[PDB]
>>> print(open('data.txt').read())   # compact mmCIF, C-alpha atoms
# COMPACT_ATOMS: atom_id res chain seq x y z
CA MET A 7 -15.51 8.01 -9.06
CA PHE A 8 -11.91 9.33 -9.11
CA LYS A 9 -9.89 9.18 -12.34
CA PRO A 10 -6.50 10.96 -12.48
CA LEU A 11 -5.93 13.10 -15.56
CA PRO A 12 -2.53 13.99 -17.06
CA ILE A 13 -0.99 17.15 -15.67
CA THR A 14 1.88 19.44 -16.53
CA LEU A 15 3.13 21.63 -13.69
CA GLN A 16 5.44 24.62 -14.16
CA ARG A 17 7.31 27.26 -12.21
CA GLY A 18 9.87 29.22 -14.19
CA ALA A 19 12.21 26.92 -16.09
CA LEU A 20 10.99 23.91 -14.01
CA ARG A 21 8.43 21.78 -15.87
CA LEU A 22 6.87 18.51 -14.74
CA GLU A 23 5.32 16.80 -17.76
CA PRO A 24 3.82 13.35 -18.35
CA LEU A 25 6.50 10.72 -18.87
CA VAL A 26 6.43 9.18 -22.36
CA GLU A 27 8.32 6.24 -23.82
CA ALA A 28 10.63 8.50 -25.89
CA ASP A 29 12.11 9.84 -22.63
CA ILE A 30 13.18 6.44 -21.28
CA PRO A 31 16.60 6.20 -23.05
CA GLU A 32 17.70 9.63 -21.85
CA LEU A 33 16.40 9.04 -18.32
CA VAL A 34 18.06 5.61 -18.08
CA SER A 35 21.31 7.16 -19.28
CA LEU A 36 21.09 10.03 -16.78
CA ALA A 37 20.18 7.64 -13.96
CA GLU A 38 23.26 5.52 -14.73
CA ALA A 39 25.48 8.59 -14.40
CA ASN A 40 23.75 9.08 -11.01
CA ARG A 41 24.09 5.41 -9.96
CA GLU A 42 25.62 6.06 -6.54
CA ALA A 43 23.00 8.63 -5.48
CA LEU A 44 20.28 6.08 -6.32
CA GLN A 45 21.44 3.48 -3.78
CA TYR A 46 18.12 3.71 -1.86
CA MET A 47 15.70 3.17 -4.80
CA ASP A 48 15.90 -0.04 -6.81
CA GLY A 49 14.89 0.52 -10.40
CA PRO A 50 15.66 3.91 -11.98
CA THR A 51 18.67 2.55 -13.88
CA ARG A 52 16.60 -0.12 -15.60
CA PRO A 53 14.43 0.63 -18.64
CA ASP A 54 11.78 -1.73 -17.26
CA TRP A 55 11.22 0.58 -14.27
CA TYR A 56 9.95 3.35 -16.52
CA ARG A 57 7.91 0.91 -18.60
CA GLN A 58 6.21 -0.32 -15.44
CA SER A 59 5.44 3.24 -14.39
CA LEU A 60 3.77 3.70 -17.79
CA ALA A 61 1.88 0.42 -17.38
CA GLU A 62 0.53 1.56 -14.01
CA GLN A 63 -0.51 4.81 -15.66
CA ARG A 64 -2.42 2.84 -18.32
CA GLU A 65 -4.50 1.26 -15.54
CA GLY A 66 -4.93 4.63 -13.84
CA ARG A 67 -2.67 3.64 -10.93
CA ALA A 68 -0.03 6.34 -11.47
CA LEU A 69 0.84 9.64 -13.12
CA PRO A 70 4.60 9.46 -13.75
CA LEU A 71 6.32 12.73 -14.57
CA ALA A 72 9.51 13.71 -16.32
CA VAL A 73 11.32 16.65 -14.71
CA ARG A 74 12.74 19.21 -17.16
CA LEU A 75 14.69 22.40 -16.52
CA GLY A 76 14.31 24.39 -19.66
CA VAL A 77 14.72 21.76 -22.34
CA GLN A 78 16.91 19.21 -20.58
CA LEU A 79 15.55 16.19 -18.75
CA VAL A 80 16.75 16.20 -15.15
CA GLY A 81 14.88 13.30 -13.58
CA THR A 82 11.50 11.87 -12.67
CA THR A 83 8.78 11.78 -10.03
CA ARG A 84 5.28 10.37 -9.84
CA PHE A 85 1.92 10.32 -8.18
CA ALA A 86 1.02 6.70 -7.42
CA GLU A 87 -0.74 4.26 -5.06
CA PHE A 88 -4.08 5.89 -5.71
CA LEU A 89 -6.76 5.16 -3.12
CA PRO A 90 -9.72 6.28 -5.25
CA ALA A 91 -12.41 6.06 -2.59
CA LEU A 92 -10.67 8.55 -0.25
CA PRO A 93 -9.10 9.96 -2.60
CA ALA A 94 -5.46 9.56 -1.48
CA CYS A 95 -2.16 9.02 -3.20
CA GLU A 96 1.57 8.79 -2.70
CA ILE A 97 4.23 11.11 -4.08
CA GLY A 98 7.79 9.87 -4.53
CA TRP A 99 9.92 7.68 -6.78
CA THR A 100 11.85 10.89 -7.31
CA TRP A 101 15.39 11.25 -8.48
CA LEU A 102 17.31 14.21 -9.92
CA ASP A 103 20.59 14.44 -11.79
CA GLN A 104 23.37 15.26 -9.32
CA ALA A 105 23.84 18.64 -11.02
CA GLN A 106 20.64 19.65 -9.10
CA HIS A 107 21.39 18.10 -5.64
CA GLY A 108 20.90 21.01 -3.25
CA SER A 109 19.29 23.88 -5.20
CA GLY A 110 15.80 23.65 -3.69
CA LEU A 111 14.67 21.91 -6.88
CA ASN A 112 13.52 18.86 -4.90
CA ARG A 113 11.51 21.02 -2.49
CA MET A 114 9.97 23.01 -5.36
CA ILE A 115 8.92 19.73 -7.01
CA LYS A 116 7.23 18.44 -3.86
CA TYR A 117 5.46 21.81 -3.51
CA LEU A 118 4.06 21.76 -7.05
CA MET A 119 2.85 18.18 -6.69
CA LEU A 120 1.47 18.66 -3.17
CA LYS A 121 -0.45 21.74 -4.29
CA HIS A 122 -1.85 19.82 -7.24
CA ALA A 123 -2.71 16.82 -5.05
CA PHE A 124 -4.51 18.79 -2.35
CA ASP A 125 -5.82 21.87 -4.19
CA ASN A 126 -6.93 20.24 -7.44
CA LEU A 127 -7.42 16.54 -6.77
CA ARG A 128 -8.81 17.27 -3.28
CA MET A 129 -6.76 14.41 -1.85
CA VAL A 130 -7.59 13.86 1.80
CA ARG A 131 -4.17 12.29 2.31
CA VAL A 132 -0.80 12.37 0.57
CA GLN A 133 1.70 9.76 1.67
CA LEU A 134 5.47 10.13 1.45
CA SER A 135 7.81 7.28 2.30
CA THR A 136 11.49 6.48 2.08
CA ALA A 137 14.01 3.84 3.09
CA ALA A 138 14.84 3.67 6.78
CA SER A 139 18.51 3.97 5.73
CA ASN A 140 17.94 7.08 3.59
CA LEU A 141 18.62 9.76 6.19
CA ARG A 142 18.84 12.63 3.71
CA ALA A 143 15.36 11.87 2.39
CA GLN A 144 14.00 11.60 5.93
CA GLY A 145 15.25 15.10 6.71
CA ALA A 146 13.86 16.61 3.51
CA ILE A 147 10.42 15.08 4.11
CA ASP A 148 10.43 16.35 7.70
CA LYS A 149 11.22 19.89 6.46
CA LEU A 150 8.28 19.52 4.09
CA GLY A 151 6.10 19.40 7.19
CA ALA A 152 4.91 15.82 6.76
CA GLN A 153 4.40 13.83 9.97
CA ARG A 154 6.00 10.43 10.40
CA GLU A 155 3.28 7.86 10.79
CA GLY A 156 5.18 4.64 11.25
CA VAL A 157 8.05 2.36 10.33
CA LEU A 158 7.26 -0.70 8.21
CA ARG A 159 9.74 -3.51 8.87
CA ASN A 160 11.22 -5.63 6.05
CA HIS A 161 9.34 -3.60 3.55
CA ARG A 162 11.73 -2.78 0.70
CA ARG A 163 14.99 -3.85 -0.92
CA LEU A 164 17.79 -1.38 -1.66
CA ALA A 165 19.91 -1.43 -4.83
CA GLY A 166 21.96 -4.39 -3.74
CA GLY A 167 18.84 -6.34 -2.69
CA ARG A 168 19.47 -5.78 1.03
CA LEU A 169 16.24 -5.68 3.07
CA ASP A 170 15.32 -2.34 4.63
CA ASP A 171 12.48 -0.82 6.61
CA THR A 172 10.31 2.03 5.31
CA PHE A 173 9.59 5.31 7.07
CA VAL A 174 6.06 6.44 6.19
CA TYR A 175 4.93 10.07 6.41
CA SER A 176 1.75 11.84 5.41
CA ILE A 177 0.06 15.20 5.07
CA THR A 178 -3.70 15.33 5.56
CA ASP A 179 -6.01 17.77 3.83
CA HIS A 180 -6.87 19.59 7.04
CA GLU A 181 -3.23 20.38 7.84
CA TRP A 182 -2.32 21.17 4.22
CA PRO A 183 -3.18 24.92 4.37
CA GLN A 184 -0.57 25.33 7.11
CA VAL A 185 1.98 23.15 5.29
CA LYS A 186 1.36 25.11 2.09
CA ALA A 187 1.79 28.47 3.85
CA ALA A 188 5.12 27.34 5.33
CA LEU A 189 6.35 25.89 2.03
CA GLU A 190 5.55 29.07 0.10
CA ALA A 191 7.02 31.13 2.93
CA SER A 192 10.19 29.28 2.09
CA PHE A 193 10.45 30.20 -1.56
CA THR A 194 12.46 33.01 -2.95
CA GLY A 195 9.76 35.34 -4.03
CA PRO B 10 0.66 -15.77 -6.22
CA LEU B 11 -1.08 -19.02 -7.31
CA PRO B 12 -4.22 -20.94 -6.23
CA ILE B 13 -3.93 -23.22 -3.25
CA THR B 14 -5.77 -25.21 -0.53
CA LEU B 15 -5.12 -24.88 3.20
CA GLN B 16 -6.53 -27.27 5.71
CA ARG B 17 -6.83 -28.28 9.30
CA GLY B 18 -9.25 -30.98 10.20
CA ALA B 19 -12.71 -29.77 9.37
CA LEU B 20 -11.38 -26.27 8.52
CA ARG B 21 -10.59 -25.87 4.81
CA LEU B 22 -9.51 -22.72 2.97
CA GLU B 23 -9.69 -22.96 -0.80
CA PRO B 24 -9.60 -20.44 -3.66
CA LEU B 25 -12.74 -18.37 -4.01
CA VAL B 26 -14.74 -19.20 -7.16
CA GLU B 27 -17.64 -17.33 -8.75
CA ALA B 28 -19.93 -20.26 -7.85
CA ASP B 29 -19.44 -19.63 -4.10
CA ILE B 30 -20.50 -15.96 -4.30
CA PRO B 31 -24.32 -16.51 -4.14
CA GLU B 32 -23.99 -18.60 -1.00
CA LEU B 33 -21.51 -16.19 0.59
CA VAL B 34 -23.61 -13.10 -0.16
CA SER B 35 -26.65 -14.99 1.17
CA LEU B 36 -24.78 -16.03 4.31
CA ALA B 37 -23.52 -12.49 4.97
CA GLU B 38 -27.09 -11.19 4.55
CA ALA B 39 -28.07 -13.57 7.36
CA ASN B 40 -25.25 -11.95 9.38
CA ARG B 41 -26.14 -8.42 8.19
CA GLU B 42 -26.35 -7.14 11.78
CA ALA B 43 -22.95 -8.51 12.83
CA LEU B 44 -21.34 -6.66 9.88
CA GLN B 45 -21.15 -2.95 10.84
CA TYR B 46 -18.31 -2.58 8.57
CA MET B 47 -17.06 -4.02 6.63
CA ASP B 48 -18.54 -2.83 3.40
CA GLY B 49 -18.29 -5.88 1.17
CA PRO B 50 -19.56 -9.29 2.29
CA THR B 51 -23.13 -8.55 1.17
CA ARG B 52 -22.00 -7.20 -2.23
CA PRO B 53 -21.32 -9.72 -5.04
CA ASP B 54 -19.10 -7.12 -6.75
CA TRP B 55 -16.89 -7.09 -3.66
CA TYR B 56 -16.18 -10.77 -4.32
CA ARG B 57 -15.76 -10.29 -8.07
CA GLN B 58 -13.37 -7.40 -7.45
CA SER B 59 -11.16 -9.79 -5.49
CA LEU B 60 -11.36 -12.43 -8.24
CA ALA B 61 -10.34 -9.76 -10.75
CA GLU B 62 -7.30 -8.75 -8.71
CA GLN B 63 -6.35 -12.43 -8.59
CA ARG B 64 -6.17 -12.55 -12.37
CA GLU B 65 -3.74 -9.61 -12.16
CA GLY B 66 -1.59 -11.39 -9.57
CA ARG B 67 -2.62 -8.94 -6.83
CA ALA B 68 -4.81 -10.96 -4.44
CA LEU B 69 -5.53 -14.52 -3.34
CA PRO B 70 -9.13 -14.69 -2.06
CA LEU B 71 -10.16 -17.83 -0.19
CA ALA B 72 -13.48 -19.41 0.61
CA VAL B 73 -13.66 -20.64 4.22
CA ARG B 74 -15.33 -24.01 4.68
CA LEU B 75 -16.09 -26.02 7.79
CA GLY B 76 -16.42 -29.52 6.38
CA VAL B 77 -18.39 -28.93 3.18
CA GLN B 78 -20.16 -25.81 4.49
CA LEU B 79 -19.12 -22.34 3.37
CA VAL B 80 -18.75 -20.19 6.50
CA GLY B 81 -16.85 -17.16 5.18
CA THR B 82 -13.99 -15.68 3.20
CA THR B 83 -10.55 -14.16 3.68
CA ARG B 84 -7.69 -13.20 1.40
CA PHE B 85 -4.04 -12.44 0.80
CA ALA B 86 -3.49 -9.11 -0.94
CA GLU B 87 -1.01 -6.21 -1.20
CA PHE B 88 1.70 -8.45 -2.64
CA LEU B 89 5.26 -7.05 -2.68
CA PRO B 90 6.88 -9.80 -4.79
CA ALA B 91 10.46 -8.58 -4.44
CA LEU B 92 10.51 -8.99 -0.65
CA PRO B 93 8.21 -11.10 -0.71
CA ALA B 94 5.50 -9.69 1.53
CA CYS B 95 1.73 -9.47 1.68
CA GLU B 96 -1.27 -8.52 3.76
CA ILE B 97 -3.86 -10.92 5.15
CA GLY B 98 -7.28 -9.54 6.04
CA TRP B 99 -10.77 -8.93 4.65
CA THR B 100 -11.97 -11.81 6.79
CA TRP B 101 -15.52 -12.47 7.84
CA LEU B 102 -17.30 -15.47 9.31
CA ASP B 103 -20.97 -16.15 9.85
CA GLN B 104 -22.12 -15.64 13.42
CA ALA B 105 -22.36 -19.36 14.27
CA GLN B 106 -18.55 -19.15 14.45
CA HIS B 107 -18.58 -16.01 16.64
CA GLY B 108 -16.08 -16.42 19.46
CA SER B 109 -15.32 -19.99 18.43
CA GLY B 110 -11.62 -19.35 17.75
CA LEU B 111 -12.00 -20.21 14.07
CA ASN B 112 -10.73 -16.71 13.25
CA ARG B 113 -7.33 -17.27 14.90
CA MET B 114 -6.91 -20.72 13.40
CA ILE B 115 -7.67 -19.20 9.99
CA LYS B 116 -4.92 -16.64 10.66
CA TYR B 117 -2.69 -19.50 11.82
CA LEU B 118 -3.20 -21.41 8.56
CA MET B 119 -2.68 -18.30 6.44
CA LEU B 120 0.41 -17.14 8.36
CA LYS B 121 1.89 -20.64 8.08
CA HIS B 122 1.42 -20.58 4.30
CA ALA B 123 2.97 -17.09 3.90
CA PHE B 124 6.04 -17.68 6.07
CA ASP B 125 6.66 -21.42 5.86
CA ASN B 126 5.64 -22.09 2.25
CA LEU B 127 6.08 -18.67 0.60
CA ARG B 128 8.98 -17.63 2.94
CA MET B 129 7.75 -14.10 3.30
CA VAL B 130 9.77 -11.61 5.28
CA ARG B 131 6.71 -9.55 6.27
CA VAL B 132 3.02 -10.25 6.74
CA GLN B 133 0.98 -7.10 7.19
CA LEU B 134 -2.33 -6.73 9.03
CA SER B 135 -4.37 -3.58 9.45
CA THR B 136 -7.68 -2.26 10.71
CA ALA B 137 -9.58 0.95 11.40
CA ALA B 138 -8.48 2.98 14.40
CA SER B 139 -12.16 2.76 15.45
CA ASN B 140 -12.28 -1.06 15.24
CA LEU B 141 -11.25 -1.83 18.81
CA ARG B 142 -12.38 -5.46 18.48
CA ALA B 143 -10.13 -6.13 15.49
CA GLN B 144 -7.24 -4.37 17.25
CA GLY B 145 -7.46 -6.71 20.23
CA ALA B 146 -7.65 -9.74 17.97
CA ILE B 147 -4.55 -8.56 16.08
CA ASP B 148 -2.65 -7.85 19.31
CA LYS B 149 -3.35 -11.39 20.52
CA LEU B 150 -1.85 -12.68 17.27
CA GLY B 151 1.41 -11.11 18.38
CA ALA B 152 1.51 -8.75 15.41
CA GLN B 153 3.41 -5.57 16.23
CA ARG B 154 1.84 -2.19 15.57
CA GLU B 155 3.97 -0.39 13.02
CA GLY B 156 2.05 2.70 11.92
CA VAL B 157 -1.00 4.88 12.16
CA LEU B 158 -2.00 6.22 8.74
CA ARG B 159 -4.33 9.20 9.02
CA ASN B 160 -7.30 9.67 6.67
CA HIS B 161 -6.52 6.28 5.17
CA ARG B 162 -9.98 4.71 4.85
CA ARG B 163 -13.67 5.53 4.81
CA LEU B 164 -15.90 3.73 7.30
CA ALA B 165 -19.23 2.23 6.26
CA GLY B 166 -21.06 5.50 6.87
CA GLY B 167 -18.50 7.37 4.77
CA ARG B 168 -16.47 9.21 7.39
CA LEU B 169 -12.69 9.33 7.24
CA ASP B 170 -10.75 7.28 9.77
CA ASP B 171 -7.18 6.31 10.50
CA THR B 172 -5.65 2.92 9.80
CA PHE B 173 -3.57 0.95 12.30
CA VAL B 174 -0.92 -1.05 10.40
CA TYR B 175 0.72 -4.06 12.05
CA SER B 176 3.18 -6.66 10.88
CA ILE B 177 4.89 -9.95 11.64
CA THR B 178 8.43 -10.42 10.39
CA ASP B 179 9.90 -13.82 9.58
CA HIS B 180 12.08 -13.73 12.73
CA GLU B 181 9.08 -13.20 14.99
CA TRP B 182 7.12 -15.96 13.24
CA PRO B 183 8.44 -18.89 15.38
CA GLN B 184 7.18 -17.26 18.58
CA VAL B 185 3.91 -16.20 16.95
CA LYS B 186 3.40 -19.75 15.67
CA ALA B 187 4.16 -21.35 19.06
CA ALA B 188 1.80 -18.98 20.87
CA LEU B 189 -0.99 -19.67 18.37
CA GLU B 190 -0.37 -23.41 18.69
CA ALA B 191 -0.35 -23.25 22.50
CA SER B 192 -3.80 -21.64 22.41
CA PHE B 193 -5.39 -24.48 20.42
>>> encode(input="data.txt", output="structure tokens")
Amino acid sequence: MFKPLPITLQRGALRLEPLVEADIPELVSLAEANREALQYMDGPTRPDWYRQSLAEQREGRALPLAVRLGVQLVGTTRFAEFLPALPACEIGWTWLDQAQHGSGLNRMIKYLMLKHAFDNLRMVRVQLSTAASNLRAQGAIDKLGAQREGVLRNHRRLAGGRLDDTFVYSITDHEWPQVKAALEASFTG
Amino acid sequence: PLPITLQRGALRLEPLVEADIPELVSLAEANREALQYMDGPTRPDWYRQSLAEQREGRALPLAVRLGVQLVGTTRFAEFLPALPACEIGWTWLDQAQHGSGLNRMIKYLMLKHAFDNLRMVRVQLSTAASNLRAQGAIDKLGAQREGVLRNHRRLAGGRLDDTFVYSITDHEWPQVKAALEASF
């Protein structure tokens, strides 16, 4: 019996709050201005993508989050692919407005969600995955301390519809205390 | 995903229906011993769960018949419609078919349907890291190990275990098909 509940996470001006329908126009618009950075995820420029993340939430298959800095929307991320009997999930489907590319915002987001996943939901496993072609995301997930677990062939389509492989990484609950220590050792006080 | 009938001589795979569940549960209870894991074949809700996913477009569970006789079940699940891709698994057969090769011909029929009818680019298979038997059967299919997912499943007694994930791409399918055919 695992049922995910809505969560807001904060640190300073950074707030992760449950995605609602009233956010979709602004997020779609911001994603479109970030079209070229989104070449490795197919969906964030279409309104349907956010409606389907809300549908999955309605069946308790996801907790999609809007990312705000102060008042302004800045992007999205989600917990998803719940394995309720473990419990396990996946974190990803993240994008940020290019004004935040390289400020440690992405790493702070993964930290907040990882901590919530392991410390509060007692996940035994958090999966992270990305396109085989998305080298930047592979390096950021490695620096998280996740371990690559495999490469799934012909497993996703990029923005043009080209077939790509998927790199799959995970953190287990027993290694999380070490991962957590190293992540918080990396944050500016 | 849509209902469908796959056949090969006496072997027939057809969509699972609620009316088959009593006989399948009963037949698995006669094979209780031979089912360490999985958890499922003795539980009617395990079958109804798969029927429910089918109404949501997420699984295609099949009754396995030899002639008119129900001998087991198997399914397609984990659909990725944009690729398209899926997983085949959740197979069990009563012990009269143990070591008879029916398992591999079932996989042959299912893999044919996924690649040659549905034109999938990826068929996934997986098993517990502790299930050495199922690993050897998957190897002999020619499926290539792709990943080891840690803490990815609970075994029948509840303990955490890793999952070995394998796949067959569409380009490997010709050779997989020929090697399956040669072994019949």
>>> residues_around(input="data.txt", residues="range 10-24 of chain A", least_positions_apart="4", cutoff="6 Å", atoms="only C-alpha atoms", output="JSON, numbers by chain")
{"A": [71, 72, 73, 74, 75, 76]}
>>> interface_residues(input="data.txt", of="chain A", to="chain B", cutoff="7 Å", atoms="only C-alpha atoms", output="ChimeraX atom specification")
/A:92,130-131,155-158,160-163,178
>>> residues_around(input="data.txt", residues="residue 64 in chain B", least_positions_apart="5", cutoff="10 Å", atoms="all atoms listed in the file", output="PyMOL selection string")
chain B and resi 10-11+59+69
>>> closest_residue(input="data.txt", among="A:95, A:80, A:119, A:34", to="residue 66 in chain A", atoms="only C-alpha atoms")
A:95
>>> residues_around(input="data.txt", residues="residue 68 in chain B", least_positions_apart="5", cutoff="10 Å", atoms="all atoms listed in the file", output="MDAnalysis selection string")
chainID B and resid 10:11 58:63 84:88 95:97
